[PDB]
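The structure under discussion appears below in the form of structure tokens.
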Amino acid sequence: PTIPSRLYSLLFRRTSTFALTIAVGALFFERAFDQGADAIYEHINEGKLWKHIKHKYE
Amino acid sequence: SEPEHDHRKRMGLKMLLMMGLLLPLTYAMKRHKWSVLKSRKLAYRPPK
Amino acid sequence: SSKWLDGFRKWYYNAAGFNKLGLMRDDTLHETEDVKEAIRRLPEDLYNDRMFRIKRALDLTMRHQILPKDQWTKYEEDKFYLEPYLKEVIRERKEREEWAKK
Amino acid sequence: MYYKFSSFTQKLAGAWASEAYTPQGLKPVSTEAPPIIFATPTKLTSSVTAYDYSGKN
Amino acid sequence: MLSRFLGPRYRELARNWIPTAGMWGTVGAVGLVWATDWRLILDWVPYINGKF
Amino acid sequence: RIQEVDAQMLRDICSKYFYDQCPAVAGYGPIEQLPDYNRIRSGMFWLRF
Amino acid sequence: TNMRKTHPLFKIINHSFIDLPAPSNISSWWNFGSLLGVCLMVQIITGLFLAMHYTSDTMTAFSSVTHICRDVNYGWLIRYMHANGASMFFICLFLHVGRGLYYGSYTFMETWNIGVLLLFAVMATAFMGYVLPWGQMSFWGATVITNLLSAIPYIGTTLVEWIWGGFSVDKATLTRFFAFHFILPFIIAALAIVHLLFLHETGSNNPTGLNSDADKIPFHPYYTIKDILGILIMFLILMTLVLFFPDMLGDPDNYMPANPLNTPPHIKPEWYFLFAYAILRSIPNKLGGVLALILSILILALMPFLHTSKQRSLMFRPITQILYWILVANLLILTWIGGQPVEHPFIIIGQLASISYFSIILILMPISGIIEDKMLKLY
Amino acid sequence: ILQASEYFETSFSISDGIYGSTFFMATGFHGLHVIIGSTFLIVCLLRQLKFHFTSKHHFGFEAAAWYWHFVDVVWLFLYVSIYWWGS
Ligand SMILES: CCCCCCCCCCCCCCCCCC(=O)OC[C@H](COP(=O)(O)OCCN)OC(=O)CCCCCCCCCCCCCCCCC
Ligand code: HEM
Ligand code: HEM
Numbered sequence: 003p004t005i006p007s008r009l010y011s012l013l014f015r016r017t018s019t020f021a022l023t024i025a026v027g028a029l030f031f032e033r034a035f036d037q038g039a040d041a042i043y044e045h046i047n048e049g050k051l052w053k054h055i056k057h058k059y060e
Numbered sequence: 194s195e196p197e198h199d200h201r202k203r204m205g206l207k208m209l210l211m212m213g214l215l216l217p218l219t220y221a222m223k224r225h226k227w228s229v230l231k232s233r234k235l236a237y238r239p240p241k
Numbered sequence: 009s010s011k012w013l014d015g016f017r018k019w020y021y022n023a024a025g026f027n028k029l030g031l032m033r034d035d036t037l038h039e040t041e042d043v044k045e046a047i048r049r050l051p052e053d054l055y056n057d058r059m060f061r062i063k064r065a066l067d068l069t070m071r072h073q074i075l076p077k078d079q080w081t082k083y084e085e086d087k088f089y090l091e092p093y094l095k096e097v098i099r100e101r102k103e104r105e106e107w108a109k110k
Numbered sequence: 001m002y003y004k005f006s007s008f009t010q011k012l013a014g015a016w017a018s019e020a021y022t023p024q025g026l027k028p029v030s031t032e033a034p035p036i037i038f039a040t041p042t043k044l045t046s047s048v049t050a051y052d053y054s055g056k057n
Numbered sequence: 001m002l003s004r005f006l007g008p009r010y011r012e013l014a015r016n017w018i019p020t021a022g023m024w025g026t027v028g029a030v031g032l033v034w035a036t037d038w039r040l041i042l043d044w045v046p047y048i049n050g051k052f
Numbered sequence: 398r399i400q401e402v403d404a405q406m407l408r409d410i411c412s413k414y415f416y417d418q419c420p421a422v423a424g425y426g427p428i429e430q431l432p433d434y435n436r437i438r439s440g441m442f443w444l445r446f
Numbered sequence: 002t003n004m005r006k007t008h009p010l011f012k013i014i015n016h017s018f019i020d021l022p023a024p025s026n027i028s029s030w031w032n033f034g035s036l037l038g039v040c041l042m043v044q045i046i047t048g049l050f051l052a053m054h055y056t057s058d059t060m061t062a063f064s065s066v067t068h069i070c071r072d073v074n075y076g077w078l079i080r081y082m083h084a085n086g087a088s089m090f091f092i093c094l095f096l097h098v099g100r101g102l103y104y105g106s107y108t109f110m111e112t113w114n115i116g117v118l119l120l121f122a123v124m125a126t127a128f129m130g131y132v133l134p135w136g137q138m139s140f141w142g143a144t145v146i147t148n149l150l151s152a153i154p155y156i157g158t159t160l161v162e163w164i165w166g167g168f169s170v171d172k173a174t175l176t177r178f179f180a181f182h183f184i185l186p187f188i189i190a191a192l193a194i195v196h197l198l199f200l201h202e203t204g205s206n207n208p209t210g211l212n213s214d215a216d217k218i219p220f221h222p223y224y225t226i227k228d229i230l231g232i233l234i235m236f237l238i239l240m241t242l243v244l245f246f247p248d249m250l251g252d253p254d255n256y257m258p259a260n261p262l263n264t265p266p267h268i269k270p271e272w273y274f275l276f277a278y279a280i281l282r283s284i285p286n287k288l289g290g291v292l293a294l295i296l297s298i299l300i301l302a303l304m305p306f307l308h309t310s311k312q313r314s315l316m317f318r319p320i321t322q323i324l325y326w327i328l329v330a331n332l333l334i335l336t337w338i339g340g341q342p343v344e345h346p347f348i349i350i351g352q353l354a355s356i357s358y359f360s361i362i363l364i365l366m367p368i369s370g371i372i373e374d375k376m377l378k379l380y
Numbered sequence: 175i176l177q178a179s180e181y182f183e184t185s186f187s188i189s190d191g192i193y194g195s196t197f198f199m200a201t202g203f204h205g206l207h208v209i210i211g212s213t214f215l216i217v218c219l220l221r222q223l224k225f226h227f228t229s230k231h232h233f234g235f236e237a238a239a240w241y242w243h244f245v246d247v248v249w250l251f252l253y254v255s256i257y258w259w260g261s
């Protein structure tokens with residue numbers, strides 16, 4: 003009834019459920035990783051990219 | 194000369210973060226599937 | 009030859025480094041037809057000892073380890089077990105070659 | 001003659017008299033016990049899995 | 001000429017392999033909508049609707 | 398107790414005790430065609446379930 | 002019953018990659034071989050996506066490459082990974098040959114000879130691919146090295162007129178170089194199949210050089226995941242070399258259009274040819290320089306008959322280890338000298354470097370082998 | 175250390191009104207108490223590296239965990255009362 007036993011049992015034990023876990027995690031990882039890397043890139047280049055100066059020239 | 198410069202650097206940042214995630218995990222898989230062999234002990238039984 | 013050649017032989021035996029894998033000298037010889045025939049002519053005890061030492065060395069070189077220093081093969085205790093068999097095989101091959109010459 | 005405990009199911013199965021009631025053979029003298037050598041000096045401990053620590057106590 | 005599999009045992013095998021084949025089909029559909037970035041299903045999901 | 402056994406609980410019990418489990422392998426004889434522990438362990442589950 | 006051992010197509014894959022016995026102690030260097038195959042596929046795949054937009058014409062080759070970089074979606078990515086993948090291909094190739102030399106892998110003579118055929122083919126493929134973008138350096142490097150290939154009396158001038166398809170390098174040379182550059186990686190792939198086939202009759206070598214039949218493991222899952230990890234490390238190095246330093250290994254003079262009347266102050270090939278270039282100009286005779294380049298690349302073929310020790314690997318030969326590392330150092334010096342202009346003191350350094358290179362491979366290593374044989378009390 | 179950083183980079187001092195006085199005084203005693211807790215954890219860590227805590231009689235880390243949970247619930251009260259609500 004412990005959490006790692008049930009996490010193995012209903013997610014990792016079956017191979018089709020393993021693949022479903024991998025696919026859903028891939029989609030959510032794509033969204034979160036794209037947001038994180040885009041935010042890091044726009045912070046490192048604060049005021050330099052076009053979207054930071056796009057509002058001045060409407 | 195390089196209109197792709199900023200997009201290249203963004204893709205490189207994503208590459209660096211993804212590789213820094215992926216390398217210890219793949220190394221861990223190698224260490225698992227090879228740690229079945231690297232802890233192996235051999236013995237010898239000569240009959241004399 | 010008296011003073012340092014034996015000392016240089018001991019130092020070179022330490023420096024070459026097959027003693028710290030537990031190997032003897034004749035285990036390190038690369039196989040030819042002559043060496044394979046000499047190995048085939050070995051008795052069962054020396055053959056089994058050789059093959060265990062070889063796979064122990066392969067185990068040690070897998071993990072990038074060496075034997076402890078007390079288990080290093082000593083220079084004086086290193087026996088040349090194979091080379092009479094190898095010399096006999098080389099001699100009979102030379103006899104066959106010189107007969108094929110004439 | 002009749003029953004010998006065997007057969008991997010832990011059962012008193014049926015077996016011949018020469019092995020059920022004479023389990024020790026007719027060989028006269030035990031010959032040797034060849035010892036086991038290892039590659040590295042291993043700590044082959046039967047009881048309590050050698051020692052458990054992480055430093056000097 | 002597929003009359004060799006008309007019996008209760010193959011029906012038993014079939015009802016054993018309904019959920020695994022259905023879950024593999026679910027994996028295939030989710031992977032297809034994930035790889036193609038298909039707009040029919042990806043607009044029905046909360047968190048992935050961020051770039052639209 | 399034998400009459401209680403049907404197919405569903407039998408394959409549930411067999412999946413509980415066999416599926417995705419690490420075996421103990423002992424061998425004696427000419428056993429180099431006997432595979433390593435990784436292939437024997439990988440054979441204890443199906444990729445299709 | 003099972004398809005892995007009875008199906009005639011899966012039997013080949015099982016015999017070559019799944020139940021293949023491999024030595025249990027091979028280091029990371031062996032991964033380089035599989036990396037080479039991966040690079041080949043990468044190059045081929047990226048090459049195909051350069052071929053969907055490249056126009057082999059002297060008016061519209063440079064312009065087509067700029068259109069690939071500036072207007073094709075992610076075309077800059079594909080072009081620069083093709084270039085840096087050629088560089089990574091040569092890095093992995095050099096370390097593959099160095100592994101072959103150090104651990105005595107040239108005793109597989111058929112595998113070694115199919116290897117040096119593969120090396121010749123990939124050098125010619127990289128040459129014609131570098132001619133393909135039709136910049137200043139492409140045109141002038143092609144003209145220089147083909148004109149010195151013309152040095153053979155009574156034969157070389159007809160051969161260079163036949164190779165050029167005209168009086169000098171022109172549109173016919175560019176188009177036939179495009180056809181040859183496209184088609185040579187498939188002969189390379191078939192020769193790699195023959196390379197692997199000639200290897201698998203005897204099995205791989207191990208760093209100790211001993212008979213590994215006492216302890217061998219299947220290729221799956223061990224070396225499968227080991228080569229996967231090597232592929233990931235290689236892709237780190239390659240994508241760092243594309244996404245961060247896309248023209249550190251390149252040459253800026255290739256970014257002007259090919260002006261046939263603009264001779265550059267320096268003319269160089271790419272770096273992976275440069276050592277042979279420094280063996281080329283180390284002799285002040287054109288026949289001598291070209292033939293010395295041929296011997297400097299075919300001394301690898303001569304190598305299996307220059308083995309004198311009763312051992313195989315250099316793991317238990319310290320003097321020959323020292324001579325090998327002096328050889329690698331000399332090769333590095335030759336690369337630097339071939340990068341350098343033909344002035345003082347580079348001419349004497351290059352001459353001594355080539356002399357020491359041929360002396361170390363030809364003379365000094367069998368002498369060191371027989372010295373170590375006498376030193377180990379067996380001769 | 176990053177509480178010292180927000181002490182360095184705040185817009186007001188302890189003499190800057192009753193809000194500054196209350197906030198800095200409460201956070202100052204919280205910082206003092208978490209320094210005491212960190213020192214107590216350092217002491218029990220150095221005791222455990224010398225093999226002192228057994229499997230049952232390990233009251234030093236029990237007191238450390240109780241003081242640390244106290245510091246945690248007090249910081250939750252400062253987060254609600256001073257930071258989130260009322261500001
Ligand atoms: C007798 C030596 C005793 C050494 C003792 C060292 C300290 C021992 C106690 C501490 C332990 C240190 C680590 C031990 C390492 C292994 C043992 C060892 O020291 O080996 C010495 C090593 C190999 O030994 P060996 O092969 O016998 O040496 C022959 C010398 N040529 O040999 C060496 O290290 C010497 C290597 C010399 C290499 C010189 C190369 C000069 C030429 C380079 C040219 C490059 C190209 C230049 C360009 C050419 C064109 C212009
Ligand atoms: C076209 C590039 C090449 C490819 C794709 C290639 C491919 C391979 C592959 C897949 C292997 C087996 C894996 C391994 O053991 O590393 C291998 C091994 C080998 N290759 Fe190559 N190779 C190439 C170039 C060469 C060259 C130029 C040589 C000769 C100098 C060579 C000689 C060898 C040898 C001797 C082995 C045996 C390894 C051993 O047992 O030690 N290869 N190659
Ligand atoms: C069949 C596979 C291949 C095809 C179709 C192909 C095609 C091309 C094309 C069209 C170009 C010119 C486009 C450009 O320069 O960006 C090119 C350039 C090049 N190719 Fe290939 N190629 C292939 C394989 C290879 C291989 C295996 C190598 C490595 C030996 C290689 C090395 C190069 C190099 C070095 C360049 C020049 C890059 C530069 O512009 O600096 N190619 N290739």
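Residue numbers (the deposited numbering), protein chains in the order written: chain J, 3 to 60; chain D, 194 to 241; chain F, 9 to 110; chain I, 1 to 57; chain K, 1 to 52; chain A, 398 to 446; chain C, 2 to 380; chain c, 175 to 261.
C-beta: ideal position from N, C-alpha, C; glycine also.
Taking 9 Å as the cut-off, the Cβ atoms of residue 293 (chain C) and residue 284 (chain C) count as close. Of the heavy atoms belonging to ligand 1, none sits nearer than 8 Å to the Cβ of residue 293 (chain C). Under the Cβ criterion (8 Å, minimum of three pairs), the region 35-48 of chain I counts as touching the region 60-76 of chain F.
Counting along the chain, the unbroken beta strand (DSSP E) around residue 14 (chain I) starts and ends at 11-14.
An exposed status is given to residue 29 (chain I), since fewer than 16 other beta-carbon atoms sit within 10 Å of its beta-carbon.
With a cutoff of 9 Å on beta-carbon distance, residue 366 (chain C) and residue 307 (chain C) are scored as near each other.
For residue 4 (chain I), the enclosing beta strand (DSSP E) has its first and last residue at 3-6. Distances taken from the Cβ of residue 271 (chain C) to the heavy atoms of ligand 3 include one shorter than 8 Å. Within the region 279-360 of chain C, the runs of alpha helix (DSSP H) that reach at least 4 residues and sit entirely inside it are, in chain order, 287-303, 319-340, 347-360.
Closer than 7 Å at the C-beta level to chain J, one finds these residues of the region 3-26 of chain K: 20, 23, 24, 26. DSSP places residue 23 (chain C) in the uninterrupted beta strand (DSSP E) bounded by 22-24. Here residue 76 (chain C) carries a helix assignment [DSSP, helix/strand/coil]. Annotation: residue 86 (chain C) to residue 77 (chain C) spans about 14 Å, alpha carbon to alpha carbon. In the three-state reduction of the DSSP assignment, residue 237 (chain D) falls in the strand class, which pools E and B. Straight across, the Cα-Cα distance linking residue 34 (chain F) with residue 225 (chain c) is about 51 Å. Across the structure, residue 169 (chain C) and residue 69 (chain C) are spaced so that their CA atoms are roughly 28 Å apart.
Non-local C-beta neighbours of residue 273 (chain C) in its own chain, meaning closer than 6 Å and more than five positions away in sequence, comprise 91, ordered along the chain. Excluding residues up to 5 positions away in sequence, 94, 97, 98, 101 lie with their Cβ nearer than 8 Å to the Cβ of residue 42 (chain F) in the same chain.
Rounded to whole angstroms, the separation of the alpha carbons of residue 435 (chain A) and residue 28 (chain J) is 27 Å.
One finds 20, 23, 24, 27 in chain K with Cβ atoms closer than 7 Å to the Cβ of residue 18 (chain J), taken in chain order. In this structure, residue 219 (chain C) keeps its C-beta atom at 9 Å or more from the C-beta atom of residue 226 (chain D). Counting only runs of 3+ residues, the beta strand (DSSP E) found wholly inside the region 5-44 of chain C occupies 22-24, in chain order. Here the alpha carbons of residue 197 (chain c) and residue 256 (chain c) stand approximately 7 Å from one another. Looking at the DSSP output, residue 38 (chain I) bridges to D:236. Not a single C-beta of chain C is nearer than 9 Å to the C-beta of residue 210 (chain D). Around the beta carbon of residue 297 (chain C), 16 or more other beta carbons lie within 10 angstroms, which makes this residue buried. Ranked by Cα distance from residue 231 (chain D), the first of D:223, D:238, D:237 is D:223. Not a single heavy atom of ligand 2 lies less than 8 Å from the C-beta of residue 139 (chain C).
For residue 442 (chain A), no chain K residue has a C-beta closer than 8 Å to its own C-beta; the minimum C-beta separation is roughly 13 Å. Between residue 67 (chain C) and residue 258 (chain C), the alpha-carbon positions lie close to 11 Å from each other.
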